[PDB]
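Listed next as C-alpha cells is one chain, alone, in the form deposited in one PDB entry.
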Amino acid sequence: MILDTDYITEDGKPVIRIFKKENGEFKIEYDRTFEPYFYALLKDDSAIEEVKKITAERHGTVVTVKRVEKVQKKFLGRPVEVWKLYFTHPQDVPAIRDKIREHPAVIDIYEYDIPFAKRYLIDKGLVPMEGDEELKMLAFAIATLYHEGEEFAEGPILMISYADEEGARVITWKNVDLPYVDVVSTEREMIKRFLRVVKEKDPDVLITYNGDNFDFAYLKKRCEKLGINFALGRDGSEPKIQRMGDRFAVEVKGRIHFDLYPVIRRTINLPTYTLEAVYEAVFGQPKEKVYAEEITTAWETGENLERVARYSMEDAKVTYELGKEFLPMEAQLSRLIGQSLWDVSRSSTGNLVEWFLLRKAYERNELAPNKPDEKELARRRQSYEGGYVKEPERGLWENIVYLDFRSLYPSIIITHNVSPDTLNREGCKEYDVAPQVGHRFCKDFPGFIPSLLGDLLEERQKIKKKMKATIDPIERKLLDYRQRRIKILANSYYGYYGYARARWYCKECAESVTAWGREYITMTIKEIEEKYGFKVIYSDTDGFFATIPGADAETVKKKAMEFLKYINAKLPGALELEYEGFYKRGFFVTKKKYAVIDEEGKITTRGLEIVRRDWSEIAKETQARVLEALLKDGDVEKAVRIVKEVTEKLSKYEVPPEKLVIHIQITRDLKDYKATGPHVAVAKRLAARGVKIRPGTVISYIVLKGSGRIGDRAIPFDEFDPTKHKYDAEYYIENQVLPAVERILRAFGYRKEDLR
C-alpha cells in the first residue's frame, strides 16, 4: 500500500521515492528512470531546432533541453501534434518554461506545472492508499506557556500528550501525580522523550489538530532554541514546512501528517471549530476546556496542574478518536483521486476534481488545458443564471410531499453530453440543444467529462449492490466510504465547469446545465399543477414541496406516486424524479427558509436562523422551540406563551451568557475590510493586541449594554466576566429573538408589540 511520493537529488539527477507499507513493513522504493517533461506546440516543425538551442540557469549551472519527441495527442477531442520536451531535473522546467513560451515559434506550452512527484503517480498509474493494510496511527498535542503578546513560542512547551490504541499519556517537566503523566527534568528532555516514543511506535500517520499551523511550528522554534534534531521523519529528517497560500502545511517524510482541522472544516459545517466543538458534534459527548490563562497560572503557581494535565491528556485522546473516525473517509478519497492522503486531505473540492481529470486525461492521451493566465482569467469573471427558486406560498401547510430530481446536474451532463469537447462541434449528425442559452451539444460520441461522470455513477451503483450482499464489516465500511466519496465527486462537476480557475472550465457547459435544470423543474411544476390538481408551495432548483389543499394524507401520497410514473416516462434518459418523503406539516417563511416535520416526529430545518452560525443560541433555541410546538401539535398559543417567557427571562438577565454568543467568520485580512461591522471591530482590537487574525478565524463576540453602533459595545466572549460585564438584553430581544420569531408568527397576524 502506497502512502506518499517525493524525490531527492543524487549528483544533480532526481530520484523518486515511493513510501509504502506491505504486510506491516515500511519500505522505500527508488526510481531513477523518471524524466520530467512538458509539451510544446509550434507553427513549424523546423522550429524544434531553434527551441532545442534554448538555455537558462538555475544553480550556477546552465539548464538545457535534454531530449525532444513529437507526439500526436488529443486536445479537447481534436487531434493535435505537440513536441515533448525532456529535461534532466524537475527544477529545470520552472527556470526555463517561460523562455520556450516567450519564443515566437512557440504558440503555447502545456503540462508544465505538474509537481514531479504528483506526476509520477499519474504516468505510472499508481494509486495511493490501496488495499487493506493496517496503518499504525498516533495522535499528539502540546501545552504551552502563553502570555499577553510576547511573540510566538517565546514561552516553553509545558507538556506533550500523545494517544493511540495503547492509551493517552502526557510528558511534562513538573511533578504531576497522575498515572498517565510521565515526569522528566526539563523541557528539552520532554521533547527528546517524545521523539523516543514516536521512533519506537513507528506510526504511519501522525494525527494533529492544527499541527500545520501551531504544534509543529512551536516544536520547531523550541527545538532551534534548545539545539534539538526534531527527526520525526522515517528517513531521519525534520518536518518540512510547505506554504499553501496564507496558511502552512507540514509533512513528516515516510509518514502521513494527518491534520484534522482542514478535513473537519470541509466535511462538517459548525459555528466554531474548536477541538471541544468538533468532539461533541461527532461523538455526542462534551469535552471540557482549559484556557491558556488557566494553564499559565497553574504552571507558574504550581497548583491545579492535575487539571491542566487532564486537559492535555484529553486533547491527545480525542484527536486519536477523531483521527480514527475520519482517516478511512480520506483514505478512500485518496484512493479515488490518486494522490496522497497528505495532499488530498488539504485540498479544496475544485482542486480535487482537477487531479482526477489530469489522471484520466493521461489515461486517454488527452492533452490538458493550462491554467488561465492573469489576463484570460479576467475574462472569466462573467456569470450566468443559476438555479430556479419559485415564489413561495408562505404560511403553514399540512400533508406535504417533497419531490426532487435524482442527481439533477450530473444526469443532465450525461444525458445531453454537456462537455467542452462536444460544445458546438460541427459535422455531428445528432445534437442536444439547451433551452434559453442555445448551446448545441454533439451526441455521436461520449464527451470527455460526461464519459468519466458516467463511469463514476455506474461504479457507485455497483458498489451499493456489492455492499448489501457482502457479510464482512471491513469490506462494507470501505465500500461505503468509496460509494459516499463518488457521490461528492460527481456533484462537483457543475461547480467545476463555472470555476474560473479550472483548466477544463466551460462557461457554456455550466449555464447549459442550469438552463436544463430550470426547464425541467419548472416544466414539472406545471405538469403536477395542471394534470393532477396539486398546489406547489415551494421549489428550490432541483425539487419542490407540493400538496392537494384539502385531501386525505393518503390521497396526496397515492397521487404523488401516480404522478411520478407519469413524468418519468416523459423525462429523457438519466433524468428521474423520486419521492423524497411525506411531511405532516411545514412552515415556509420566505425563499430559501423553511422547516418541515416528517410522520415519525422528526424536524428538519433549512436556511432558517437555526442553521446559521451568526445567530445566538437563545435566538436559535427559541425559534426551534416555537416550531417544535406548532409542527407536533399545531399549538399557536404555545408558540406565544413560549416567546413571552423568554423575553421576560432576557429582561431579568436570568438567561445564561453562553446562549448569547454571535459567531461571524473573518473572510479576508483586516487591513482590507471596507466596512467594519461588529465582528471585524472585535478582530481589529484583538489584532492590535498580540493575537493574529487570518482569513478563516471565527470570532465569538457578545453585546454589552450600551448605545449606538454595536461594534463599540462588543467584546470576545472569552473576555466576558459576569462580575465586570453586563449583557444587552435589549439587543438580544430587539435584534436576535423578536426578529427571528416574528417572521414566523407574522402569519397568525402577531405583531412585534404583541410579543415583548
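So that there is no doubt, residue numbering starts at 1 and follows the sequence shown. Take the two forms, find the largest set of C-alpha atoms that superpose within 1.5 Å, and that set is the rigid core.
Mean CA temperature factor is higher for 389-397 when stretches 389-397 and 175-183 are set side by side in the entry. Of the two stretches examined, 421-429 and 350-358, the record assigns the greater average C-alpha temperature factor to 421-429. Within the group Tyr291, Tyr261, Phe588, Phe283, the record's highest C-alpha temperature factor is found at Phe588. Highest CA B-factor among the listed residues (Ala515, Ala368, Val636, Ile664): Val636. Compared with the other modelled residues of the chain, the Cα B-factor recorded for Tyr146 ranks in the middle third. Per the PDB record, residue ranking by Cα B-factor puts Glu376 in the highest third of the chain. Ranked by Cα temperature factor within the chain, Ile699 sits in the lowest third according to the deposited record. Placement of the Cα temperature factor of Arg266 within the chain: middle third of the modelled residues, per the deposited record. Looking at the C-alpha B-factors along this chain, the one for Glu154 belongs to the middle third.
Not pictured, yet referred to below: the form deposited in another entry.
Here the two forms are overlaid on the core, and between this form and the one not shown the C-alpha of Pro473 is the only one among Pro79, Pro179, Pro473, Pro104 to shift by 2 Å or more. Superposition on the rigid core between this form and the one not shown places the CA atom of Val691 2 Å or more away from its counterpart.
Once both forms are fitted on their rigid core, the CA atom of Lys53 lies less than 2 Å apart between this form and the one not shown. Once the rigid core is used as the reference frame, the Cα position of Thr33 differs between this form and the one not shown by less than 2 Å.
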